[PDB]
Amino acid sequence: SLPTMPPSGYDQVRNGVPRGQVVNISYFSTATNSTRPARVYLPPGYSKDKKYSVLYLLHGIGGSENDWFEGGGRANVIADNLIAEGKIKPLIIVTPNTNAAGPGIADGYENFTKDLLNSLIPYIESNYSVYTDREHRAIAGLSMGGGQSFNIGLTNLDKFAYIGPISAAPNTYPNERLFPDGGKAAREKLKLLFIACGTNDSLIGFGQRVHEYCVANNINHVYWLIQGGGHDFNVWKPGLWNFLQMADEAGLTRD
């Protein structure tokens, strides 16, 4: 069953496994009034004749859109291998720069909500062959990125049906702000809420309180703790490996 600890080699390049391509892109953001960078993972065999689902994967504080790839996440390798094992269908993974800083910006990480929704998503949808409905859009991330996944995803259930916060940081909104309707929309529209963290992580308390709220308010979700896990990729990689499969099972890649 899932979630579970991944098998050795899940994150290593395997001989004979088709590799997707990671491309660097830039887009104009009305949120920052500047050109912003991002990376896009195109699955092996990517073709404009078919539509793909999209996962927006967010990095941590001070990080970049490279963190989830050669920065330690190895997201492309993990995805490549899962596709080859028939555990997930191909999908596009977008890694943005989560600090939408700019002129007169109070909080760049908060400003990122507008950047993602009004600039990045529209750019991706007009430049790649993808579905544009909530049932084919997921959001996940680590630390500050996990906090943004909670924040953006739960307050925009009309746009995301799968949410995966890993080791969510303090920027995570209070429970009342994440579920202003007592969890009505979450129970009926959210296909997957995957919360994961290492037990040795100092920030464990944030995902923990969201989990406690979901239990008390009967909100279905998956809470997974990696025993002895720290604030590092030895927790974030297994988190992604599991999220990809669970989101796929939940319908993320449904035709």
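The first residue of the sequence shown is number 1, and the count goes up from there.
Between 212 to 220 and 198 to 206, the higher mean Cα B-factor belongs to 212 to 220. Here 18 to 26 and 239 to 247 are compared by their mean Cα B-factor, and 18 to 26 comes out higher. Per the deposited coordinates, the residue with the largest Cα temperature factor out of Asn76, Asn171, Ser126, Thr155 is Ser126. Each of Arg39, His59, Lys189, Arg36 has a CA temperature factor in the record; the biggest one is found at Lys189.
In the deposited entry, the Cα temperature factor of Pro90 places it in the middle third of its chain's modelled residues.
When the modelled residues of the chain are ordered by C-alpha B-factor, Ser119 sits in the middle third.
In the deposited entry, the Cα temperature factor of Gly230 sits in the middle third of values across the chain's modelled residues. In the deposited entry, the Cα temperature factor of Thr132 places it in the highest third of its chain's modelled residues. In the deposited entry, the Cα temperature factor of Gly183 sits in the top third of values across the chain's modelled residues.
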